[PDB]
>>> print(open('structure-v4.txt').read())   # compact mmCIF, C-alpha atoms
# COMPACT_ATOMS: atom_id res chain seq x y z
CA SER A 1 -43.66 -9.54 18.95
CA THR A 2 -46.38 -8.08 16.74
CA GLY A 3 -48.47 -4.95 16.54
CA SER A 4 -51.84 -4.18 14.95
CA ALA A 5 -53.39 -0.69 14.66
CA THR A 6 -56.42 0.64 12.88
CA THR A 7 -55.86 3.40 10.31
CA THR A 8 -58.73 5.84 9.62
CA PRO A 9 -59.31 8.22 6.68
CA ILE A 10 -58.95 11.87 7.70
CA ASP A 11 -61.89 12.98 5.52
CA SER A 12 -64.61 11.83 3.14
CA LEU A 13 -62.17 11.63 0.20
CA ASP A 14 -59.54 9.36 1.82
CA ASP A 15 -57.03 12.16 1.41
CA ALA A 16 -54.81 10.48 4.00
CA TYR A 17 -55.06 8.03 6.87
CA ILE A 18 -54.21 8.50 10.54
CA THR A 19 -53.08 5.83 12.96
CA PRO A 20 -52.86 6.38 16.75
CA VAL A 21 -49.33 6.14 18.16
CA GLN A 22 -48.31 6.18 21.84
CA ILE A 23 -45.22 8.29 22.59
CA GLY A 24 -43.58 8.72 25.97
CA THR A 25 -44.31 7.80 29.57
CA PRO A 26 -47.13 8.22 30.50
CA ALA A 27 -48.30 7.69 26.92
CA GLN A 28 -49.14 10.69 24.80
CA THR A 29 -51.31 9.47 21.89
CA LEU A 30 -50.83 11.30 18.62
CA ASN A 31 -52.51 10.50 15.30
CA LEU A 32 -49.78 10.02 12.70
CA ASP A 33 -49.77 9.64 8.96
CA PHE A 34 -47.89 6.37 8.24
CA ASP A 35 -45.83 7.11 5.15
CA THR A 36 -44.04 4.35 3.23
CA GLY A 37 -42.50 7.10 1.07
CA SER A 38 -40.42 8.79 3.82
CA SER A 39 -38.26 7.82 6.77
CA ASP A 40 -38.77 10.40 9.54
CA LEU A 41 -41.05 10.05 12.56
CA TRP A 42 -41.85 13.68 13.33
CA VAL A 43 -44.53 15.26 15.49
CA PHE A 44 -46.17 18.52 16.34
CA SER A 45 -44.75 19.36 19.73
CA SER A 46 -44.47 21.85 22.58
CA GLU A 47 -41.55 23.29 20.53
CA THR A 48 -43.63 23.97 17.38
CA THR A 49 -43.99 27.72 16.57
CA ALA A 50 -47.36 28.53 18.22
CA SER A 51 -48.79 30.28 15.10
CA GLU A 52 -48.15 27.04 13.09
CA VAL A 53 -50.27 24.87 15.40
CA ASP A 54 -54.07 24.87 14.72
CA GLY A 55 -55.88 21.98 16.38
CA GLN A 56 -53.17 19.27 16.32
CA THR A 57 -52.35 17.24 19.40
CA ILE A 58 -48.74 17.95 20.46
CA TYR A 59 -46.02 15.84 21.97
CA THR A 60 -44.51 17.49 25.10
CA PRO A 61 -41.18 15.82 25.87
CA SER A 62 -40.88 17.57 29.24
CA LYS A 63 -43.94 15.53 30.39
CA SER A 64 -42.38 12.18 29.41
CA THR A 65 -40.16 10.47 31.97
CA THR A 66 -38.51 8.46 29.15
CA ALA A 67 -37.80 11.36 26.78
CA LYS A 68 -34.10 12.29 26.26
CA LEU A 69 -32.81 15.11 24.01
CA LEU A 70 -30.67 13.65 21.26
CA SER A 71 -28.08 16.37 21.74
CA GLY A 72 -27.04 18.27 18.63
CA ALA A 73 -29.37 16.39 16.27
CA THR A 74 -31.57 18.34 13.86
CA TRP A 75 -33.81 17.37 10.97
CA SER A 76 -35.41 19.04 7.98
CA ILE A 77 -37.58 17.42 5.33
CA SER A 78 -39.32 18.48 2.13
CA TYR A 79 -42.03 16.29 0.58
CA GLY A 80 -43.09 15.80 -3.06
CA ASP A 81 -46.14 18.09 -2.54
CA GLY A 82 -43.88 21.08 -1.53
CA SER A 83 -44.65 20.75 2.21
CA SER A 84 -41.86 20.76 4.79
CA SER A 85 -41.02 20.60 8.47
CA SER A 86 -37.90 20.80 10.65
CA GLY A 87 -36.73 20.73 14.23
CA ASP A 88 -34.75 18.88 16.85
CA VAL A 89 -34.81 15.29 18.14
CA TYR A 90 -35.67 13.34 21.27
CA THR A 91 -35.45 9.64 21.89
CA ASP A 92 -38.48 8.13 23.60
CA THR A 93 -40.61 4.98 23.83
CA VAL A 94 -43.02 4.62 20.91
CA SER A 95 -45.78 2.02 20.64
CA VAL A 96 -47.96 1.19 17.66
CA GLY A 97 -50.82 -1.24 18.10
CA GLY A 98 -49.18 -2.89 21.12
CA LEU A 99 -45.66 -3.09 19.59
CA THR A 100 -43.15 -1.06 21.58
CA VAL A 101 -39.78 0.39 20.56
CA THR A 102 -37.53 1.97 23.12
CA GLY A 103 -35.04 4.63 22.10
CA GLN A 104 -36.98 5.65 18.95
CA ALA A 105 -35.97 8.98 17.43
CA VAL A 106 -38.98 11.29 17.75
CA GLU A 107 -38.32 14.36 15.61
CA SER A 108 -39.94 17.37 17.30
CA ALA A 109 -41.10 20.07 14.87
CA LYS A 110 -40.03 23.64 15.51
CA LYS A 111 -41.45 24.68 12.09
CA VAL A 112 -44.05 23.18 9.79
CA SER A 113 -45.31 24.48 6.44
CA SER A 114 -48.83 25.81 5.92
CA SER A 115 -50.29 22.52 4.58
CA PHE A 116 -49.44 20.81 7.91
CA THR A 117 -50.84 23.67 10.02
CA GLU A 118 -54.05 23.70 7.98
CA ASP A 119 -54.63 19.94 8.51
CA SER A 120 -55.78 19.69 12.15
CA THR A 121 -56.27 15.90 11.84
CA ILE A 122 -52.58 14.95 11.32
CA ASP A 123 -50.29 15.27 14.35
CA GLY A 124 -47.18 14.16 12.43
CA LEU A 125 -45.73 11.48 10.18
CA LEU A 126 -44.34 8.03 10.82
CA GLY A 127 -41.97 7.12 8.00
CA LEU A 128 -41.77 3.52 6.79
CA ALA A 129 -39.40 3.85 3.82
CA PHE A 130 -35.78 2.74 4.21
CA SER A 131 -33.72 4.42 6.96
CA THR A 132 -31.20 5.70 4.32
CA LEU A 133 -33.73 8.50 3.66
CA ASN A 134 -33.94 9.66 7.30
CA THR A 135 -33.00 13.36 7.49
CA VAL A 136 -31.53 13.53 11.05
CA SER A 137 -28.07 15.17 11.10
CA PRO A 138 -25.33 14.58 12.01
CA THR A 139 -26.32 11.03 13.06
CA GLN A 140 -28.97 9.47 10.78
CA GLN A 141 -31.74 7.66 12.69
CA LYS A 142 -33.69 4.47 12.09
CA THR A 143 -37.39 4.16 11.33
CA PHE A 144 -39.82 2.62 13.80
CA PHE A 145 -39.92 -0.50 11.57
CA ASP A 146 -36.16 -0.82 11.40
CA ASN A 147 -35.88 -0.51 15.18
CA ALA A 148 -38.72 -3.03 15.71
CA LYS A 149 -37.58 -5.52 13.09
CA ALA A 150 -35.33 -7.81 15.13
CA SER A 151 -38.12 -8.20 17.79
CA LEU A 152 -40.88 -9.01 15.26
CA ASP A 153 -42.11 -12.54 14.67
CA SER A 154 -41.49 -11.90 10.89
CA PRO A 155 -39.64 -8.83 9.48
CA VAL A 156 -42.72 -7.43 7.72
CA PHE A 157 -45.49 -4.90 7.98
CA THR A 158 -48.72 -4.83 6.01
CA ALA A 159 -50.95 -2.03 4.80
CA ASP A 160 -54.65 -2.72 4.43
CA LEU A 161 -56.16 0.66 3.61
CA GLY A 162 -59.92 1.09 3.39
CA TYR A 163 -62.00 2.80 0.75
CA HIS A 164 -64.07 5.33 2.66
CA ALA A 165 -63.54 3.13 5.72
CA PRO A 166 -60.94 2.25 8.35
CA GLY A 167 -58.21 -0.30 7.63
CA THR A 168 -55.23 -1.79 9.39
CA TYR A 169 -51.44 -1.61 9.69
CA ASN A 170 -49.96 -4.82 11.08
CA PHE A 171 -46.36 -5.34 12.15
CA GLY A 172 -44.66 -8.72 12.36
CA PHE A 173 -47.30 -10.99 10.87
CA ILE A 174 -49.43 -11.51 7.77
CA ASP A 175 -53.18 -11.79 8.59
CA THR A 176 -54.26 -14.59 6.22
CA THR A 177 -57.93 -13.61 6.86
CA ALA A 178 -57.45 -10.09 5.48
CA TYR A 179 -57.09 -10.96 1.76
CA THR A 180 -58.51 -13.29 -0.88
CA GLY A 181 -56.52 -15.65 -3.08
CA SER A 182 -52.74 -15.63 -2.83
CA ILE A 183 -50.13 -12.89 -2.31
CA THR A 184 -47.92 -12.18 -5.32
CA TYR A 185 -44.47 -11.00 -4.33
CA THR A 186 -42.31 -8.77 -6.54
CA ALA A 187 -38.76 -7.48 -6.28
CA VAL A 188 -37.86 -4.21 -4.62
CA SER A 189 -34.96 -1.87 -5.35
CA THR A 190 -33.81 0.11 -2.31
CA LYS A 191 -31.39 2.24 -4.37
CA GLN A 192 -33.47 5.43 -3.92
CA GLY A 193 -34.57 4.50 -0.36
CA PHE A 194 -38.16 3.69 -1.39
CA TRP A 195 -40.26 0.56 -1.74
CA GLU A 196 -39.57 0.72 -5.49
CA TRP A 197 -40.89 -2.04 -7.71
CA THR A 198 -41.90 -2.67 -11.32
CA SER A 199 -45.52 -3.24 -12.31
CA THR A 200 -46.03 -5.54 -15.31
CA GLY A 201 -48.69 -3.39 -17.04
CA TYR A 202 -52.19 -2.07 -16.93
CA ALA A 203 -55.69 -2.22 -18.32
CA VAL A 204 -58.44 0.42 -18.51
CA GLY A 205 -61.92 -0.82 -17.68
CA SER A 206 -62.75 -4.01 -19.52
CA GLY A 207 -59.97 -3.34 -22.05
CA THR A 208 -57.10 -5.63 -22.93
CA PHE A 209 -54.12 -5.72 -20.61
CA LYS A 210 -51.05 -3.86 -21.90
CA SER A 211 -47.82 -5.62 -20.88
CA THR A 212 -45.31 -2.86 -20.09
CA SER A 213 -42.83 -2.30 -17.23
CA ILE A 214 -43.78 0.62 -14.94
CA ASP A 215 -41.22 1.33 -12.23
CA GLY A 216 -42.72 3.12 -9.24
CA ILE A 217 -42.92 3.34 -5.47
CA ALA A 218 -45.49 2.00 -3.01
CA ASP A 219 -46.29 5.18 -1.07
CA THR A 220 -49.00 5.22 1.60
CA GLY A 221 -48.31 8.91 2.18
CA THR A 222 -49.40 9.93 -1.34
CA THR A 223 -53.14 10.16 -1.97
CA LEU A 224 -53.31 9.53 -5.74
CA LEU A 225 -51.91 7.18 -8.39
CA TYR A 226 -49.25 8.94 -10.52
CA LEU A 227 -48.30 7.11 -13.72
CA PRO A 228 -46.67 7.91 -17.04
CA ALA A 229 -48.53 10.38 -19.25
CA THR A 230 -49.20 7.71 -21.92
CA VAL A 231 -50.97 5.46 -19.36
CA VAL A 232 -52.93 8.31 -17.80
CA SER A 233 -54.06 9.65 -21.21
CA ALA A 234 -55.26 6.17 -22.16
CA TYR A 235 -57.33 6.02 -18.95
CA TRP A 236 -58.97 9.43 -19.21
CA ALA A 237 -59.68 8.98 -22.94
CA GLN A 238 -62.36 6.48 -21.79
CA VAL A 239 -64.22 9.18 -19.81
CA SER A 240 -66.41 11.55 -21.88
CA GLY A 241 -65.46 15.12 -21.23
CA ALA A 242 -62.30 14.37 -19.19
CA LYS A 243 -59.37 16.69 -19.83
CA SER A 244 -56.12 17.84 -18.33
CA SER A 245 -56.57 21.30 -16.80
CA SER A 246 -53.37 23.36 -16.23
CA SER A 247 -55.52 25.82 -14.13
CA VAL A 248 -56.68 23.04 -11.76
CA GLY A 249 -53.40 21.05 -11.93
CA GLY A 250 -54.39 17.73 -13.46
CA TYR A 251 -57.09 15.68 -15.07
CA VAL A 252 -60.68 16.63 -14.29
CA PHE A 253 -63.84 14.97 -15.45
CA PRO A 254 -67.58 15.66 -15.37
CA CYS A 255 -69.04 14.82 -12.02
CA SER A 256 -71.89 13.11 -13.95
CA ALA A 257 -69.45 10.45 -15.28
CA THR A 258 -69.21 6.82 -14.26
CA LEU A 259 -65.48 6.05 -14.15
CA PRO A 260 -63.93 2.86 -15.50
CA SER A 261 -61.78 0.63 -13.34
CA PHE A 262 -58.01 0.58 -13.65
CA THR A 263 -56.00 -2.63 -13.41
CA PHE A 264 -52.28 -2.83 -12.63
CA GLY A 265 -50.05 -5.88 -12.93
CA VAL A 266 -48.00 -7.48 -10.15
CA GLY A 267 -46.08 -10.23 -11.88
CA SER A 268 -48.75 -12.39 -13.50
CA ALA A 269 -51.35 -11.16 -10.98
CA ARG A 270 -53.73 -8.24 -11.43
CA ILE A 271 -55.07 -5.66 -8.90
CA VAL A 272 -58.27 -3.94 -9.96
CA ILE A 273 -58.97 -0.41 -8.75
CA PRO A 274 -62.73 0.19 -9.00
CA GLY A 275 -63.77 3.32 -10.85
CA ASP A 276 -65.27 4.87 -7.72
CA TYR A 277 -61.82 4.86 -6.05
CA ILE A 278 -60.65 7.25 -8.82
CA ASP A 279 -63.29 9.93 -8.02
CA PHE A 280 -61.91 12.72 -5.81
CA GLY A 281 -65.04 14.84 -6.04
CA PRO A 282 -65.67 18.46 -7.03
CA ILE A 283 -62.61 20.62 -7.63
CA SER A 284 -64.23 23.32 -5.46
CA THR A 285 -67.32 23.15 -3.40
CA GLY A 286 -70.42 22.86 -5.62
CA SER A 287 -68.49 22.47 -8.90
CA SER A 288 -69.61 19.97 -11.52
CA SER A 289 -65.94 19.38 -12.45
CA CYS A 290 -64.44 16.52 -10.45
CA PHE A 291 -60.79 15.79 -9.78
CA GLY A 292 -59.29 12.55 -11.00
CA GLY A 293 -57.47 10.02 -8.87
CA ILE A 294 -55.08 8.95 -11.61
CA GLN A 295 -52.68 11.71 -12.61
CA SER A 296 -49.52 12.05 -14.66
CA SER A 297 -46.16 11.57 -12.97
CA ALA A 298 -44.39 13.47 -15.80
CA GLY A 299 -43.62 16.55 -13.55
CA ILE A 300 -42.44 14.35 -10.50
CA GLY A 301 -39.58 12.15 -11.79
CA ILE A 302 -41.06 8.90 -10.34
CA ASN A 303 -44.28 6.93 -10.66
CA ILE A 304 -46.20 6.65 -7.37
CA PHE A 305 -48.57 3.89 -6.38
CA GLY A 306 -50.32 6.00 -3.73
CA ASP A 307 -53.41 5.29 -1.70
CA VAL A 308 -55.73 5.03 -4.76
CA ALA A 309 -53.81 1.96 -5.82
CA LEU A 310 -52.78 0.53 -2.46
CA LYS A 311 -56.25 0.59 -0.92
CA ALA A 312 -57.41 -1.83 -3.67
CA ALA A 313 -54.96 -4.42 -2.26
CA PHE A 314 -53.57 -6.09 0.81
CA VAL A 315 -49.92 -5.00 0.63
CA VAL A 316 -46.97 -6.73 2.31
CA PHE A 317 -43.83 -4.71 2.94
CA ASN A 318 -41.27 -7.49 3.42
CA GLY A 319 -38.20 -6.12 5.20
CA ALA A 320 -36.18 -9.34 5.08
CA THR A 321 -32.50 -9.10 4.07
CA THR A 322 -33.69 -9.03 0.44
CA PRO A 323 -36.82 -6.80 0.64
CA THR A 324 -39.85 -7.57 -1.49
CA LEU A 325 -43.44 -6.28 -1.87
CA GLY A 326 -46.49 -8.50 -1.92
CA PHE A 327 -49.94 -7.70 -3.26
CA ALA A 328 -53.18 -9.60 -2.83
CA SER A 329 -56.76 -8.81 -3.76
CA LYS A 330 -59.20 -8.38 -0.88
>>> encode(input="structure-v4.txt", output="structure tokens")
Amino acid sequence: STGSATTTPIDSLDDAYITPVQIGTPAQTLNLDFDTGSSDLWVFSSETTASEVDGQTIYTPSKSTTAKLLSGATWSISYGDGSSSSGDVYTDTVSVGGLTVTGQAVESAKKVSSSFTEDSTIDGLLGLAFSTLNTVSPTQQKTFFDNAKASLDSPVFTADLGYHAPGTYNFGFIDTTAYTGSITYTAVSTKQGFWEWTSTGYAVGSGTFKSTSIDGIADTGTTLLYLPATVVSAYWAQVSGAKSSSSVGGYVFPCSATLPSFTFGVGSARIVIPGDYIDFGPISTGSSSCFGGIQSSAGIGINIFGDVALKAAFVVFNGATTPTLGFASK
């Protein structure tokens, strides 16, 4: 089997991407944030505290003939941005882009933090990191990908995120029309439960490539590119008037600037992030200070190749017995 679904930016900045997902019988379609940095499929639901719901579409298990309470199971998750959610668990039929899993754990939110409530466009998350990170207790659950894997034509999914445009998540096949040149594959460590890999270095603009190992995660659920402070300082030094602002919480730059590109290494291959991908616009409405898309990871504890980086590439998440990542230009 295969699946193929379009993923659509939630706003004009590509802050996140939503992908329609069918849950239950008859289908209830919710728009989920596919997140390769977490392992829970959770939804706004009929159980979510009413004051914490503001515009989201909800999953109502009582209206699904295939929903079953997963008795005694609870979940609770905290993300790197300080947001959180928790609740109880149903199993139900879940389809993405024509690919169906029966018996998927659908984590129903009883509580969500303010950042979720305030984002009316995201009806929940679909985690695509390794199932070792799934938070269901006392019986850990599998991701949608792990439950689909044995049925897929190939044990892979691909992320093809757009810049200010829709893109595609595919499951079970590699669309050879969706990228240019060849795919460079690189090793993955699953020790922390992430798609963790090691970039071979970077360049700023037309500058020379610096060969240096940068361990980080491929995380579709993170907007920006978070790299070591040395790398980030070297980037922003090429932008007149850029500075790190403790009041704003990262590097800002004059909105009048033209940003340089940023290149990262994948083995001997190179992925170029155009400068315009690194512009996240005014820090507040009407400001002439703009927020940068490359930020320091120093306060996180891991480097994160978020959407800024991934949307410059066609990315293969290879879930074979020995997982690997692949990157191609596009």
>>> residues_near_point(input="structure-v4.txt", point="(-38.2, -1.2, -4.3)", cutoff="8 Å", atoms="all atoms listed in the file", output="PDB file with C-alpha atoms, keeping the file's coordinate frame")
ATOM      1  CA  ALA A 187     -38.760  -7.480  -6.280  1.00  0.00           C
ATOM      2  CA  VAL A 188     -37.860  -4.210  -4.620  1.00  0.00           C
ATOM      3  CA  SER A 189     -34.960  -1.870  -5.350  1.00  0.00           C
ATOM      4  CA  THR A 190     -33.810   0.110  -2.310  1.00  0.00           C
ATOM      5  CA  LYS A 191     -31.390   2.240  -4.370  1.00  0.00           C
ATOM      6  CA  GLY A 193     -34.570   4.500  -0.360  1.00  0.00           C
ATOM      7  CA  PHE A 194     -38.160   3.690  -1.390  1.00  0.00           C
ATOM      8  CA  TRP A 195     -40.260   0.560  -1.740  1.00  0.00           C
ATOM      9  CA  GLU A 196     -39.570   0.720  -5.490  1.00  0.00           C
ATOM     10  CA  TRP A 197     -40.890  -2.040  -7.710  1.00  0.00           C
ATOM     11  CA  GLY A 216     -42.720   3.120  -9.240  1.00  0.00           C
ATOM     12  CA  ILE A 217     -42.920   3.340  -5.470  1.00  0.00           C
ATOM     13  CA  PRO A 323     -36.820  -6.800   0.640  1.00  0.00           C
ATOM     14  CA  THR A 324     -39.850  -7.570  -1.490  1.00  0.00           C
ATOM     15  CA  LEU A 325     -43.440  -6.280  -1.870  1.00  0.00           C
TER      16      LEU A 325
END
>>> atom_distance(input="structure-v4.txt", atom1="atom CA of residue A:326", atom2="atom CA of residue A:99")
22.2 Å
>>> atom_distance(input="structure-v4.txt", atom1="atom CA of residue A:170", atom2="atom CA of residue A:76")
28.1 Å
>>> atom_distance(input="structure-v4.txt", atom1="atom CA of residue A:209", atom2="atom CA of residue A:305")
18.0 Å
>>> residues_near_point(input="structure-v4.txt", point="(-46.2, -13.4, -5.1)", cutoff="9 Å", atoms="only C-alpha atoms", output="ChimeraX atom specification")
/A:182-186,266-269,325-328
>>> residues_around(input="structure-v4.txt", residues="residue A:231", least_positions_apart="6", cutoff="10 Å", atoms="all atoms listed in the file", output="short mmCIF file (atom, residue, chain, number, x, y, z; two decimals) with C-alpha atoms, in the coordinates of the input")
data_model
loop_
_atom_site.label_atom_id
_atom_site.label_comp_id
_atom_site.auth_asym_id
_atom_site.auth_seq_id
_atom_site.Cartn_x
_atom_site.Cartn_y
_atom_site.Cartn_z
CA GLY A 201 -48.69 -3.39 -17.04
CA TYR A 202 -52.19 -2.07 -16.93
CA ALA A 203 -55.69 -2.22 -18.32
CA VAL A 204 -58.44 0.42 -18.51
CA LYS A 210 -51.05 -3.86 -21.90
CA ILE A 214 -43.78 0.62 -14.94
CA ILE A 294 -55.08 8.95 -11.61
CA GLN A 295 -52.68 11.71 -12.61
CA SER A 296 -49.52 12.05 -14.66
#
>>> residues_around(input="structure-v4.txt", residues="residue A:220", least_positions_apart="2", cutoff="9 Å", atoms="all atoms listed in the file", output="PyMOL selection string")
chain A and resi 16-17+33-37+159+161+218+222-223+305-307+310-311
>>> build_atoms(input="structure-v4.txt", residues="stretch 154-178 of chain A", atoms="N, CA and C atoms", output="PDB file, keeping the file's coordinate frame")
ATOM      1  N   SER A 154     -41.909 -11.865  12.309  1.00  0.00           N
ATOM      2  CA  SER A 154     -41.490 -11.900  10.890  1.00  0.00           C
ATOM      3  C   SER A 154     -41.131 -10.461  10.525  1.00  0.00           C
ATOM      4  N   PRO A 155     -40.122 -10.197   9.702  1.00  0.00           N
ATOM      5  CA  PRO A 155     -39.640  -8.830   9.480  1.00  0.00           C
ATOM      6  C   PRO A 155     -40.480  -8.132   8.396  1.00  0.00           C
ATOM      7  N   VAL A 156     -41.744  -7.929   8.693  1.00  0.00           N
ATOM      8  CA  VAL A 156     -42.720  -7.430   7.720  1.00  0.00           C
ATOM      9  C   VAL A 156     -43.652  -6.435   8.389  1.00  0.00           C
ATOM     10  N   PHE A 157     -44.275  -5.590   7.582  1.00  0.00           N
ATOM     11  CA  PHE A 157     -45.490  -4.900   7.980  1.00  0.00           C
ATOM     12  C   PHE A 157     -46.452  -4.945   6.815  1.00  0.00           C
ATOM     13  N   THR A 158     -47.716  -4.778   7.060  1.00  0.00           N
ATOM     14  CA  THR A 158     -48.720  -4.830   6.010  1.00  0.00           C
ATOM     15  C   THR A 158     -49.601  -3.609   6.097  1.00  0.00           C
ATOM     16  N   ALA A 159     -50.020  -3.137   4.947  1.00  0.00           N
ATOM     17  CA  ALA A 159     -50.950  -2.030   4.800  1.00  0.00           C
ATOM     18  C   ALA A 159     -52.218  -2.548   4.199  1.00  0.00           C
ATOM     19  N   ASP A 160     -53.337  -2.306   4.854  1.00  0.00           N
ATOM     20  CA  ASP A 160     -54.650  -2.720   4.430  1.00  0.00           C
ATOM     21  C   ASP A 160     -55.551  -1.515   4.517  1.00  0.00           C
ATOM     22  N   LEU A 161     -55.442  -0.613   3.549  1.00  0.00           N
ATOM     23  CA  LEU A 161     -56.160   0.660   3.610  1.00  0.00           C
ATOM     24  C   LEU A 161     -57.571   0.466   3.152  1.00  0.00           C
ATOM     25  N   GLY A 162     -58.516   1.158   3.777  1.00  0.00           N
ATOM     26  CA  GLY A 162     -59.920   1.090   3.390  1.00  0.00           C
ATOM     27  C   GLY A 162     -60.313   2.121   2.371  1.00  0.00           C
ATOM     28  N   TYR A 163     -61.347   1.821   1.612  1.00  0.00           N
ATOM     29  CA  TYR A 163     -62.000   2.800   0.750  1.00  0.00           C
ATOM     30  C   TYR A 163     -63.151   3.388   1.534  1.00  0.00           C
ATOM     31  N   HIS A 164     -63.040   4.662   1.869  1.00  0.00           N
ATOM     32  CA  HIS A 164     -64.070   5.330   2.660  1.00  0.00           C
ATOM     33  C   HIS A 164     -64.369   4.533   3.910  1.00  0.00           C
ATOM     34  N   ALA A 165     -63.335   4.000   4.571  1.00  0.00           N
ATOM     35  CA  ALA A 165     -63.540   3.130   5.720  1.00  0.00           C
ATOM     36  C   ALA A 165     -62.191   2.965   6.393  1.00  0.00           C
ATOM     37  N   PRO A 166     -62.185   2.602   7.666  1.00  0.00           N
ATOM     38  CA  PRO A 166     -60.940   2.250   8.350  1.00  0.00           C
ATOM     39  C   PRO A 166     -60.306   1.000   7.770  1.00  0.00           C
ATOM     40  N   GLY A 167     -59.010   0.862   8.020  1.00  0.00           N
ATOM     41  CA  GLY A 167     -58.210  -0.300   7.630  1.00  0.00           C
ATOM     42  C   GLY A 167     -57.199  -0.565   8.701  1.00  0.00           C
ATOM     43  N   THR A 168     -56.122  -1.259   8.395  1.00  0.00           N
ATOM     44  CA  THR A 168     -55.230  -1.790   9.390  1.00  0.00           C
ATOM     45  C   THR A 168     -53.788  -1.731   8.904  1.00  0.00           C
ATOM     46  N   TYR A 169     -52.882  -1.371   9.799  1.00  0.00           N
ATOM     47  CA  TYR A 169     -51.440  -1.610   9.690  1.00  0.00           C
ATOM     48  C   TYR A 169     -51.090  -2.690  10.675  1.00  0.00           C
ATOM     49  N   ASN A 170     -50.473  -3.745  10.210  1.00  0.00           N
ATOM     50  CA  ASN A 170     -49.960  -4.820  11.080  1.00  0.00           C
ATOM     51  C   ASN A 170     -48.460  -4.877  10.965  1.00  0.00           C
ATOM     52  N   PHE A 171     -47.803  -5.185  12.061  1.00  0.00           N
ATOM     53  CA  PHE A 171     -46.360  -5.340  12.150  1.00  0.00           C
ATOM     54  C   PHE A 171     -46.032  -6.721  12.659  1.00  0.00           C
ATOM     55  N   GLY A 172     -45.211  -7.461  11.909  1.00  0.00           N
ATOM     56  CA  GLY A 172     -44.660  -8.720  12.360  1.00  0.00           C
ATOM     57  C   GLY A 172     -45.447  -9.916  11.987  1.00  0.00           C
ATOM     58  N   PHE A 173     -46.537  -9.808  11.265  1.00  0.00           N
ATOM     59  CA  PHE A 173     -47.300 -10.990  10.870  1.00  0.00           C
ATOM     60  C   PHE A 173     -48.135 -10.623   9.671  1.00  0.00           C
ATOM     61  N   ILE A 174     -48.556 -11.645   8.954  1.00  0.00           N
ATOM     62  CA  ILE A 174     -49.430 -11.510   7.770  1.00  0.00           C
ATOM     63  C   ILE A 174     -50.773 -12.149   8.116  1.00  0.00           C
ATOM     64  N   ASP A 175     -51.842 -11.335   8.220  1.00  0.00           N
ATOM     65  CA  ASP A 175     -53.180 -11.790   8.590  1.00  0.00           C
ATOM     66  C   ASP A 175     -53.779 -12.477   7.385  1.00  0.00           C
ATOM     67  N   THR A 176     -53.778 -13.826   7.375  1.00  0.00           N
ATOM     68  CA  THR A 176     -54.260 -14.590   6.220  1.00  0.00           C
ATOM     69  C   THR A 176     -55.755 -14.461   6.087  1.00  0.00           C
ATOM     70  N   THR A 177     -56.489 -13.850   6.994  1.00  0.00           N
ATOM     71  CA  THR A 177     -57.930 -13.610   6.860  1.00  0.00           C
ATOM     72  C   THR A 177     -58.238 -12.297   6.158  1.00  0.00           C
ATOM     73  N   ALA A 178     -57.225 -11.456   5.930  1.00  0.00           N
ATOM     74  CA  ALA A 178     -57.450 -10.090   5.480  1.00  0.00           C
ATOM     75  C   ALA A 178     -57.404  -9.976   3.956  1.00  0.00           C
TER      76      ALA A 178
END
